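What follows is a set of notes on a single structure, which appears directly below.
In what follows, chains are A, B, ... by sequence order, proteins preceding strands, each numbered from 1.
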There are 2 protein chains.
Amino acid sequence: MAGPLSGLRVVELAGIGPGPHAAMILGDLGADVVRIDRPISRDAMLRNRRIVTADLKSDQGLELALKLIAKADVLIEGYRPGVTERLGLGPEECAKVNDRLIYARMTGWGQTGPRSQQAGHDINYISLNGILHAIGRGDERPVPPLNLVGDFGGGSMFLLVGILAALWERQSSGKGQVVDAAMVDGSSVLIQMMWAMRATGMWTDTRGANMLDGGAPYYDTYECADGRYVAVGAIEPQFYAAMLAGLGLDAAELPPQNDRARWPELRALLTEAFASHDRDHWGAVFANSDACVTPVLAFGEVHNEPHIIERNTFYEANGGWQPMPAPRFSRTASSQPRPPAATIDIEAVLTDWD
Amino acid sequence: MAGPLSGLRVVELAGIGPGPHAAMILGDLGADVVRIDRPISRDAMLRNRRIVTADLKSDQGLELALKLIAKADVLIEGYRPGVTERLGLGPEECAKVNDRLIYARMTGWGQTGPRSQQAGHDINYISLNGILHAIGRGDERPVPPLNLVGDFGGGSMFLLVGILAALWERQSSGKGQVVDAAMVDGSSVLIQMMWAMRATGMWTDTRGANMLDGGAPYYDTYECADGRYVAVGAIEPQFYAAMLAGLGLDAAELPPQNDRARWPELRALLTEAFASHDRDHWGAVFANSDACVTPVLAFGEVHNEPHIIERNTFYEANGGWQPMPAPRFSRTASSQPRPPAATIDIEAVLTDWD
């Protein structure tokens with residue numbers, strides 16, 4: 001198996017959302033991941049796995065799972081706190097068979113506290129920590145940024161960091177430990193820049209009136225003549241200048257870039273200019289420039305974009321594109337992910353693993 | 001220094017956005033991070049560092065930088081590709097003095113390809129890979145989800161995963177290597193669940209008309225009587241039922257949860273219900289059940305929320321709150337972050353580092 005994590009052994013207890021995303025990336029980077037499900041997937045997320053089944057409620061299934069775990073470097077579970085405990089797969093039971101184990105617990109609310117036993121989804125975790133409030137236009141109710149911030153950016157990505165950090169630790173202690181990855185925590189560290197900026201007046205709690213939330217005319221999307229969109233990210237003055245130059249707008253006729261009182265005016269002039277030609281016109285105009293103007297591509301156009309083609313950011317799988325592994329490694333590179341395959345015998349995996 | 005990365009040595013070449021956020025998390029987890037800037041910060045992001053200065057364009061500063069890199073495990077740089085090369089600090093130069101170095105390159109577009117020399121910001125990277133298009137209400141232009149998805153979720157977080165994975169590879173190869181972390185790549189892997197769902201009919205390219213983008217009446221925010229908001233995330237039928245009960249709605253008088261044709265009707269009945277009382281009323285109705293209803297808190301209210309208080313997700317600093325380290329480790333726990341302190345002499349760090 002190719003990649004920097006070649007040799008690493010991971011048991012994943014089948015769940016939804018952040019846990020399988022974390023397992024996927026481990027497999028992408030070359031880890032040997034074995035997912036235990038209940039008694040061929042068309043879910044591309046289950047790439048780079050071997051799937052086995054066990055009833056964790058039976059004596060036989062518990063025993064087979066504990067034998068797998070005994071040979072593994074990492075366990076990923078995403079149930080409610082207390083669930084693995086009651087199954088006999090809790091941290092203390094795993095430690096008896098394998099004290100080198102990195103026991104990774106993926107939850108929204110965390111292992112303890114008043115909400116720890118309560119159901120939730122991404123939108124709920126980001127509603128409690130100020131994140132969701134900060135997303136969307138100021139004249140409307142907050143919009144969910146899909147499940148990118150809670151489930152993934154502040155969820156599976158923190159599980160991954162904790163797993164890999166604890167493996168580093170084990171190189172010198174010889175021992176594993178438990179990683180408590182709560183999406184409410186991870187997402188807060190994900191948005192630390194905004195917490196930093198609040199303290200210095202560089203960010204306000206007012207929705208849609210900051211530099212990065214759509215409040216700034218030079219950091220937003222604009223609708224073009226064809227009803228398609230461009231993104232403008234021209235924060236730095238020399239980038240802003242390049243953007244005006246391509247629009248053919250005279251700076252001396254516009255409000256200054258950062259005169260906030262005239263941002264309505266500035267936005268209306270930029271709106272009119274971008275609305276005068278189609279999206280693809282602006283790709284030609286701004287070619288090879290620092291104007292920070294890009295087309296807003298829909299998913300179904302992405303694979304035709306030259307920078308995406310040339311870098312092989314995606315690969316073609318089962319009637320659709322899927323993202324290639326990230327990040328990239330110069331010496332031990334990842335390969336194209338292996339598709340989901342048929343279930344296999346758990347006894348066969350133990351034998352492979354010894 | 002407390003945490004699982006105690007003993008790790010990191011040189012950070014001062015930059016903005018993704019690079020310093022990755023350095024921050026390494027520090028938060030115990031790494032010994034030394035940031036080289038140009039010749040006391042009030043930026044909480046620069047916590048858990050030592051700051052030194054050097055003019056990398058001069059013979060003396062380059063030589064001092066190279067001596068630091070000689071002793072480090074990890075180098076973080078976020079300039080345009082080619083910049084460290086021309087300074088004398090490219091991967092091939094650093095390998096000469098330290099072949100165990102993890103050379104970590106944080107860009108938007110990546111090290112190669114047609115856009116790789118062009119300026120940009122978060123909004124631009126997520127415009128090119130279909131993510132930005134997918135965010136916001138269907139009747140308005142796309143809204144940026146701040147810089148959470150490109151800079152951090154698909155940016156620093158993949159740089160971290162690359163660093164830590166390469167450290168694992170290094171344990172058996174005895175060598176480091178170069179990590180190419182491009183935001184356009186990382187963010188695509190962050191959104192892999194949507195790429196999966198597109199291939200199985202579970203996601204459309206139509207904006208604002210999906211299960212997780214605000215298209216579903218049971219996965220969105222609602223405005224309450226006081227003009228404040230709740231978030232509803234009641235996907236599963238049992239969670240949906242608990243939500244209807246809290247609202248005092250009789251299920252028999254509503255359309256079925258997943259009768260999409262009647263989702264306008266359902267949303268209108270849900271709108272009217274939530275509008276009848278203020279946010280904190282619903283926060284109390286729904287405080288314990290599995291209804292998946294949470295109050296939408298603004299940043300300045302977060303620290304008063306019980307679940308946030310009890311788990312110490314935040315700590316006080318400067319004049320406000322900052323997130324504590326995440327994720328959490330049961331044996332080698334992180335400490336409260338150290339604030340940015342005064343600059344120090346580079347030669348002293350070299351002494352300490354031997």
Handout entry: For A/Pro145 against B/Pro145, the heavy-atom pair lying closest together
Key = CB-CB, 3.8 Å
Handout entry: Aromatic ring proximity B/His303/B/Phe314, centre distance under 6.0 Å
Key = no
Completion exercise
So CD1 of A/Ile16 and CD1 of B/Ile235: to nearest 0.5 Å the spacing works out to 9.0 Å
Exercise for the section: Measure from the side-chain N and O atoms of A/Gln177 to the backbone N and O of B/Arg331, and report whether any donor-acceptor pair falls under 3.5 Å. Expected result: yes
Exercise for the section: Please round to the nearest 0.5 Å and tell me the distance separating atom CZ of A/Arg207 and atom CG of A/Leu132. Expected result: 8.5 Å
Practice task
For residues B/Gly150 and B/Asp122, report the shortest heavy-atom separation together with the two atoms involved.
Solution key: N-OD2, 2.8 Å
Exercise for the section: Please confirm whether the backbone N or O of A/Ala231 pairs with a side-chain atom of A/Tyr219, one donor and one acceptor, at under 3.5 Å? Expected result: no
Exercise for the section: Would you please say whether a donor-acceptor pair under 3.5 Å links the side chains of A/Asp151 and A/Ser156? Expected result: no
Problem - Donor-acceptor contact present, side-chain A/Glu85 to main-chain A/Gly82, <3.5 Å - result: yes
Practice task
Start with the C-alpha distance between B/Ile135 and B/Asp213, add both sets of side-chain angles, then the distance that settles side-chain contact (heavy atoms from CB on, under 4.5 Å), and finish with yes or no.
Solution key: CA-CA 7 Å; B/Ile135 297 180; B/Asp213 67 354; over 6 Å; no
Exercise for the section: Decide if the gap between the ring center of A/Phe299 and the ring center of B/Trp195 is smaller than 6.0 angstrom. Expected result: yes
Problem - Side-chain heavy atoms of A/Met24 within contact of A/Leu46, under 4.5 Å - result: no
Practice task
Taking the side chain as every heavy atom from C-beta outward, state whether B/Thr294 and B/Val230 have any atom pair closer than 4.5 Å.
Solution key: no
Problem - Residue pair B/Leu148, A/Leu148: steps toward the side-chain contact (heavy atoms from CB on, under 4.5 Å) verdict - result: CA-CA 9 Å; B/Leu148 289 162; A/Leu148 285 161; over 6 Å; no
Problem - Rounded distance [0.5 Å steps], CG in B/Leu249 versus CG in B/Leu270 - result: 6.5 Å
Handout entry: Note, A/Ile76 side chain near A/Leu13 side chain (heavy atom, < 4.5 Å)
Key = no
Exercise for the section: Please confirm whether the backbone N or O of B/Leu212 pairs with a side-chain atom of B/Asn210, one donor and one acceptor, at under 3.5 Å? Expected result: no
Problem - Which atom of B/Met183 lies closest to which atom of B/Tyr125, heavy atoms considered - result: CE-CE1, 3.3 Å
Completion exercise
The reported gap from CZ in B/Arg279 to CG in B/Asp226 (rounded to nearest 0.5 angstrom) is 7.0 Å
Exercise for the section: Using atom types as modelled and distance alone, determine if a side-chain donor or acceptor of B/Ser335 lies under 3.5 Å from a backbone N or O of B/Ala2. Expected result: no
Handout entry: Distance-only polar pair, side chains of B/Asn129 and B/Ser187, donor-acceptor under 3.5 Å
Key = yes
Exercise for the section: Would you kindly say whether A/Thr84 and A/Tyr103 are connected by a side-chain donor-acceptor distance under 3.5 Å? Expected result: yes
Practice task
Could you tell me which non-hydrogen atom of A/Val296 sits nearest to which non-hydrogen atom of B/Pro142, and how far apart they are?
Solution key: CG1-CG, 4.3 Å
Exercise for the section: Using the six-membered ring of A/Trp203, assess whether NZ or CZ of A/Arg198 lies under 6.0 Å from its centre and within 45 degrees of the ring axis. Expected result: no
Handout entry: Whether B/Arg328 side chain and A/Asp185 backbone form a donor-acceptor pair below 3.5 Å
Key = no
Handout entry: Residue B/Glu272 excluded, over 12 heavy atoms near CD under 6.0 Å
Key = no
Handout entry: Test applied, side chain to side chain contact (heavy atoms under 4.5 Å, CB included); reference residue, A/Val161; option that passes from B/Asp28, B/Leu29, B/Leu5
Key = B/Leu29
Exercise for the section: Please confirm whether the backbone N or O of B/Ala252 pairs with a side-chain atom of B/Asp250, one donor and one acceptor, at under 3.5 Å? Expected result: yes
Practice task
Show your reasoning for whether side-chain contact (heavy atoms from CB on, under 4.5 Å) applies to A/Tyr79 and A/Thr107.
Solution key: CA-CA 7 Å; A/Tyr79 310 115; A/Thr107 67; over 6 Å; no
Problem - Electrostatic pair B/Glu301:B/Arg228 at N-O distance under 4.0 angstrom - result: yes
Handout entry: Salt-bridge criterion met for A/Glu77 and A/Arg105 (N-O under 4.0 Å)
Key = yes
Problem - Residue pair A/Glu12 / A/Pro20, side-chain heavy-atom distance below 4.5 Å - result: yes
Exercise for the section: Carefully, step by step, assess B/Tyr315 and B/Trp321 under the rule ring-ring contact (aromatic ring centres under 6.0 Å, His included). Expected result: CA-CA 6 Å; B/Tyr315 72 100; B/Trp321 297 86; 8.5 Å; no
Exercise for the section: Report the distance from atom CG of B/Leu269 to atom OG1 of B/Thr271, rounding to the nearest 0.5 Å. Expected result: 8.5 Å
Practice task
Could you check whether the rings of B/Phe274 and B/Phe286 sit parallel, tilted or perpendicular, using 30° and 60° as the cut-offs?
Solution key: tilted
Handout entry: Short side-chain to backbone donor-acceptor contact, A/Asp205 and B/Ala298, under 3.5 Å
Key = no
Handout entry: Validation row: B/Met157, B/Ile25 side chains within 4.5 angstrom (heavy atoms)
Key = yes
Handout entry: Side chain B/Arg47, main chain B/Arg338, donor-acceptor under 3.5 Å
Key = no
Handout entry: Heavy-atom check, side chain of B/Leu146 versus side chain of A/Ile191, under 4.5 Å
Key = yes
Handout entry: Between B/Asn258 and B/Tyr218: side-chain donor-acceptor atoms closer than 3.5 Å
Key = yes
Practice task
Could you tell me whether A/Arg115 and B/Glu305 make a salt bridge, using a distance below 4.0 angstrom between a side-chain N and a carboxylate O?
Solution key: yes
Problem - Main-chain N/O of B/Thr221 paired to A/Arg141 side chain as donor or acceptor, under 3.5 Å - result: yes
Handout entry: Heavy-atom side-chain contact between B/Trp282 and B/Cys224 under 4.5 Å
Key = yes
Handout entry: Side-chain touch A/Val179/B/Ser330, heavy atoms, less than 4.5 angstrom
Key = no
Practice task
Would you give the length of the straight line joining atom CE of B/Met106 to atom NE2 of B/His21, rounded to the nearest 0.5 angstrom?
Solution key: 11.5 Å
Handout entry: Basic-acidic side-chain contact under 4.0 Å: B/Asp220, B/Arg267
Key = yes
Practice task
Go through A/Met193 and B/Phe152 one step at a time and tell me if the side-chain contact (heavy atoms from CB on, under 4.5 Å) criterion holds.
Solution key: CA-CA 10 Å; A/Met193 188 187 193; B/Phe152 302 126; 3.9 Å; yes
Exercise for the section: Grab the two heavy atoms, one from A/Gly110 and one from A/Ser116, that are nearest each other, plus how far apart they are. Expected result: O-CB, 3.5 Å
Exercise for the section: For B/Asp290 and A/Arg80, run salt bridge (charged side-chain N to carboxylate O under 4.0 Å, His left out): C-alpha distance rounded to whole Å, both residues' side-chain angles, the deciding distance at 0.1 Å, then the answer. Expected result: CA-CA 12 Å; B/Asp290 280 353; A/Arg80 294 190 200 219; 3.0 Å; yes
Practice task
Could you tell me which non-hydrogen atom of B/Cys292 sits nearest to which non-hydrogen atom of A/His121, and how far apart they are?
Solution key: SG-CD2, 4.4 Å
Handout entry: SB check B/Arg262 B/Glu265 (cutoff 4.0 Å)
Key = yes
